[PDB]
Amino acid sequence: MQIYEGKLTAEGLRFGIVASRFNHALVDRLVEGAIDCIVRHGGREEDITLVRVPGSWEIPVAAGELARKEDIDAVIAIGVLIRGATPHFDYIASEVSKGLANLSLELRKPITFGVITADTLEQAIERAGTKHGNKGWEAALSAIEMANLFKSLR
Amino acid sequence: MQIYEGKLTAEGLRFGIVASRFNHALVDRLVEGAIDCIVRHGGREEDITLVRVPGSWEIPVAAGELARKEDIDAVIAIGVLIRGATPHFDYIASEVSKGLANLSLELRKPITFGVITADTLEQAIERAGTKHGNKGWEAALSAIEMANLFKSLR
Amino acid sequence: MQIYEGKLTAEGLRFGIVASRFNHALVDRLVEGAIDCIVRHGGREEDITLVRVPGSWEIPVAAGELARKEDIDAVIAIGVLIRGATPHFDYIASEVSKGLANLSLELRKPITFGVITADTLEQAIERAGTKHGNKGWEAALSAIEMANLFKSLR
Amino acid sequence: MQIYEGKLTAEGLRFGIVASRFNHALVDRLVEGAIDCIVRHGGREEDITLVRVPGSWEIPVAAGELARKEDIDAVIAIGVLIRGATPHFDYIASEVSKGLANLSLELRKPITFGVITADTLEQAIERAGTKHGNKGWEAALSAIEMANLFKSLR
Amino acid sequence: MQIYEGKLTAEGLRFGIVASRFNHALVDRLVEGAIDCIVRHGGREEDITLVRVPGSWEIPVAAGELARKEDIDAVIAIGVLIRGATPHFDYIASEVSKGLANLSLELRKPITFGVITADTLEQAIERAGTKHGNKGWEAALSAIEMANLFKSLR
Amino acid sequence: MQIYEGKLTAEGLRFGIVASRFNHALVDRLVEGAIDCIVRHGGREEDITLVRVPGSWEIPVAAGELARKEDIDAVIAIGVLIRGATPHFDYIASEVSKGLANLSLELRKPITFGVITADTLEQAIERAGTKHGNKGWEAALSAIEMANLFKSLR
Amino acid sequence: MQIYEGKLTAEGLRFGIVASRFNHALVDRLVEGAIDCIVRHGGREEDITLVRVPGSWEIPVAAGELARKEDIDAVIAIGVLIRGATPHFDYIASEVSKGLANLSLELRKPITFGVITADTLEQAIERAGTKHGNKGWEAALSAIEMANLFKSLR
């Protein structure tokens, strides 16, 4: 059988991170976790490009610029959405996830989903470096794997 | 009437399988079922390409690379999503299904959906080689049929 | 006012029918109804092309091949989805409807929706040749009208 | 500041109306409303093109043909969907709205949404020329404004 | 086996329609439906004879005159009965259905039943061109089939 | 289309009225209403023939004599049934309506149904010249229309 | 038949608007809506006369002065009443509506009713440029139609 897979060593890999600023007390923990994952898997901090945008709505259009760079191997999208009183959350979460997924297919380049979409603040806290882990660290680990996979698959 | 259909013998057919790693104790049973269905329908194991990706989110972008290969007749997407506490599942399930369906139409090549989308762990276990069958085996059987069909349709 | 409309006589019209095999005891009644509608409206059975696929998921990619044929005036998509225990139904029904609607716009050719999307088995039986009619007959009648319409509109 | 807006006089404007036939006792009041709004705003009835299609599902593909005409300034989509027993309504309403919205962007031409999407028959009756007005008349007024706006914006 | 059936093309067929005036806001949609079905199946509008009578009670005696015409191939009976406070409805619906059924047998000529017999106003509205279709259109389609059938059977 | 209808002017028309005597305090108001309708629509009182019978049961056999007269253009049947304690009402109401409907078809002559069939005395009072109108006036108006119709239809 | 109607183009039309000041946060949205409706239907802002009065009670006497002007084609009355704790609202709403209706008849000149009469503050907000529209815009549209009508009717 032909088997393709990505290892988890990040030597020589170059990452773009797009991180929104809303809910920054939680997004900043996700960014810390993504950078930590990259660096302790052997990626250099100098080969990370960090783009900041105001809210999760603006993540896609910035990720589309970063993922078009030839010297970016994968993009990690980071943000925190917490449901408020209206259906606003539904439309933002829907379009942020659709836009990143579409951009990954269009550009044929891994874009990983480090965006929390929580009903409650407690759930967001749990996923931003407390009892359910750190979704930024997880999205960066996925991006390492996918960049390594794409060195033979793409 | 002109009637087009695919038979279920897999001699000479070449398959791509993209299988995510999350929930691997269940995904691995789906992969076993897909390979068994191919091989005991006459397909050779050497004509299977298996691509591993970290999560269901990353299945589409890998399936788009595999489906673009001229020597792949059909792609079988395999993964297991189980709803958690937040709406995350909804956005991942929505984009994985949308991306695979879109890629199948864009590339005019059968891509079959062996991805469980369960509300509970019990429902995923049921569909991964226990009391409700094996969705990997089912998605491979669909891909056999579709690849045969496309020998005259495409 | 300029008024465009399609009549319901099917002389000289050529139809493609894509029908899935899952829930075949019901889909086969929808296929009977579509062929009967075409033939008793004056269409010839020789000018029907029937393509079988395993499940509703595979309808779109087969319909995209049939709709691209220059000698097919309209495509009728036929299948039966019944909700199960998990959200699987939602993702399949969503992508089958999206893919067919998208193909119709991309290819500028009528593709009619004879796909039952039922919560219960009883509702599917009602719509497959019993007390609420036959959705295959209805989708064929719509395709007759739209093909005649497009003789002047397209 | 530069300010662009459309007035509501319809002299010289040319409209396409696509109206489905299902629920025709209500759709026909919406069509009456749209024509009345155009004509009493100064538009000529001869400058209306009316296309009939069988159901709301078929509105998009017909609107795509009408909106491509160089001599059509805006398209008004008219139809009535009323929820039935199954989830069918959800998929039809979803793709009709998606397809019109997408066509408007692709063709860079206003397409207005005079499609009722009601849970009950009572709600549809209210919106088709009774206590909550006439959605046909409203979609026509929007299309007059948009066609005038696009004489300077487009 | 000898098989007799009628097709649904209406070329050269000549219809009588008897339509009562009570509940005319609904009956008039049934009449619209019957004429539309005839005409778009290929029947000429000039070959329709429309007789108006005051109530459903008077439909039979008028249908008896129309069905005796040698140049009428089938009669379509159209009316709307809605149950009131007394048992009146029962006696009217009973004799209207009995009288049409008896006339069809006595005159050996198809007479189709496009008469709504509803418990509620809502039910009548549903059946006169809204969510349960148009009983006029249905009774016309039956009369087209029956007139064609009788060209070989009678 | 050929269109047959009756106007509501009664000049030269000749009517037979058969009215029972039971519940005469109510039937006599129905008779007043029928004569008033005829006369103020231009019919002459001299061209009315009134036949009295004891009960609603006897209306049909008397109406069959009046309808056979060559110089009677239409017959109006008038009576009031009110449900009692036993099923008697059901059998009388059933046979009176059946007999009148049958005679109209046999004799090919309009016979209109001005017979109240009420569950309560209050419902009969409502329909005999109070809050729900006068069923004798209504049956006479129907007979005027049908006699004028039959001048061209019969 | 002779048919008189007003179109909705406002070229050359001259309007008087009488608007009270109580509940001005809402009345001022109604005034914006009336002026916008006039101007975007082709009326000139220079041909509007606006009269301010303290409360709805004072609208009639000011409207009677404006309606008597030979160069005013129609008057639009604008104000917002919201029920308070006492029956005061009833007497004010009753006399404002009576006075305007009476003046319109006495002076034979259209006076349109853009006065909200609400039980609650929420209902007034809904009708002053939010979810149930803008009653000032609606009263202006009615005044445009009636002024055009009276060019031939008066």
Side-chain angles (χ1 to χ4, degrees), chain C residues 1-5 105 108 149 152-154, chain D residues 3-20 27-53 56 58-80 95-117 127-129 133-154, chain G residues 7-10 36-37 39-42 137 141:
Chain C
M1 192 162 308
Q2 290 187 62
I3 296 180
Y4 293 76
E5 70 175 2
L105 302 185
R108 303 169 60 185
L149 171 65
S152 58
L153 184 63
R154 172 68 184 81
Chain D
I3 294 178
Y4 293 78
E5 67 176 3
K7 58 188 179 174
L8 295 173
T9 44
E11 173 137 296
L13 301 176
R14 297 159 305 178
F15 300 92
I17 295 172
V18 179
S20 42
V27 173
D28 294 343
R29 320 286 75 81
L30 306 182
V31 180
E32 279 163 356
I35 300 175
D36 179 59
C37 182
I38 295 169
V39 166
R40 287 197 300 122
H41 280 90
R44 297 171 333 90
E45 71 71 27
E46 304 98 327
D47 290 338
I48 303 169
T49 300
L50 174 62
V51 174
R52 302 181 179 286
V53 295
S56 284
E58 290 80 28
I59 293 169
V61 72
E65 292 312 304
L66 267 193
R68 283 182 169 81
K69 290 162 159 11
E70 177 269 337
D71 60 348
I72 289 292
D73 297 310
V75 175
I76 299 154
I78 295 184
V80 176
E95 296 311 310
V96 181
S97 61
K98 177 251 252 154
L100 294 170
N102 285 354
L103 286 163
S104 180
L105 303 185
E106 174 182 3
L107 303 178
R108 303 173 58 187
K109 181 168 299 180
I111 300 181
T112 61
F113 194 66
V115 177
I116 286 169
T117 53
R127 293 160 183 70
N134 182 309
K135 295 299 163 187
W137 206 95
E138 293 179 21
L141 193 69
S142 303
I144 293 162
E145 179 168 329
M146 290 296 288
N148 281 147
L149 168 61
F150 272 47
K151 289 190 172 308
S152 57
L153 182 65
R154 170 68 183 83
Chain G
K7 57 192 175 169
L8 296 172
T9 44
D36 179 60
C37 185
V39 168
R40 288 199 300 125
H41 281 90
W137 205 95
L141 191 69

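Scope of the values below: all heavy atoms of this structure, side chains included, with no hydrogens, waters or symmetry mates. Below, read A as the first sequence line, B as the second, and so on, with proteins coming before strands; counting in each chain starts at 1.
- Scanning both residues, D:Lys135 and D:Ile116, for their nearest heavy atoms gives CG-CG1, 3.9 Å.
- Remark: D:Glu46 pairs with D:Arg44 by the side chain to side chain donor-acceptor pair (under 3.5 Å) rule, at least two apart or across chains.
- Remark: D:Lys69 pairs with no residue by the side chain to side chain donor-acceptor pair (under 3.5 Å) rule, at least two apart or across chains.
- Every residue meeting the side-chain contact (heavy atoms from CB on, under 4.5 Å) condition with D:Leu8, not counting sequence neighbours, appears here in chain and number order: D:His41, D:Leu141, D:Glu145, G:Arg40, G:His41, G:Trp137.
- Residue D:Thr112 forms a side chain to side chain contact (heavy atoms under 4.5 Å, CB included) with just one option from D:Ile144, D:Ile17, D:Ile76, and that option is D:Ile76.
- Residues satisfying the side chain to side chain donor-acceptor pair (under 3.5 Å) criterion with C:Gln2, sequence neighbours excluded, are absent altogether.
- Partners of D:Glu106 according to the salt bridge (charged side-chain N to carboxylate O under 4.0 Å, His left out) rule, which considers only residues two or more places apart in sequence or in another chain, are D:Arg68.
- Remark: D:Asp73 pairs with D:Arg14 by the side chain to side chain donor-acceptor pair (under 3.5 Å) rule, at least two apart or across chains.
- The two residues D:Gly33 and D:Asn134 come nearest to each other via the heavy atoms CA-ND2, 3.9 Å.
- Checked against salt bridge (charged side-chain N to carboxylate O under 4.0 Å, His left out), C:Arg154 has no partners two or more places apart in sequence or in another chain.
- Closest approach of D:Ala62 to D:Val53, counting heavy atoms only: CB-CG1, 3.6 Å.
- Atom OH in C:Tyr4 sits 9.5 Å away from atom CG in C:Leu149 (nearest 0.5 Å).
- With sequence neighbours excluded, the residues satisfying salt bridge (charged side-chain N to carboxylate O under 4.0 Å, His left out) with D:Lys98 are D:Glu95.
- Proximity of C:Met1 to D:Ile35: side-chain heavy atoms (C-beta onward) are separated by under 4.5 Å at one or more points.
- Between D:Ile78 atom CD1 and D:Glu32 atom CD the span is 10.5 Å, to the nearest 0.5 Å.
- Closest of all the heavy-atom pairs between D:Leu30 and D:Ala128 is CD2-CA, 3.6 Å.
- Applying the side-chain contact (heavy atoms from CB on, under 4.5 Å) test to D:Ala67 and every residue at least two apart in sequence or in another chain returns D:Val75, D:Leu107, D:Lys109, D:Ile111.
- When all heavy atoms of D:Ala77 and D:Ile59 are compared, the pair lying nearest together is CB-CG2, 3.9 Å.
- With values rounded to the nearest 0.5 angstrom, D:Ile48 atom CD1 is found 10.5 Å from D:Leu13 atom CG.
- Annotation: side-chain contact (heavy atoms from CB on, under 4.5 Å) contacts of D:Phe113 (sequence neighbours excluded): D:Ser97, D:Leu100, D:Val115.
- Listed by chain and number, the residues in a side-chain contact (heavy atoms from CB on, under 4.5 Å) with D:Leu105 amount to none (sequence neighbours excluded).
- Residues passing the salt bridge (charged side-chain N to carboxylate O under 4.0 Å, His left out) test with D:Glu11, sequence neighbours excluded: none.
- Taking every heavy atom of both residues into account, D:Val80 and D:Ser56 meet most closely at N-OG, 4.1 Å.
- The CG atom of D:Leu103 sits 9.5 Å away from atom CD of D:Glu65, with the distance rounded to the nearest 0.5 Å.
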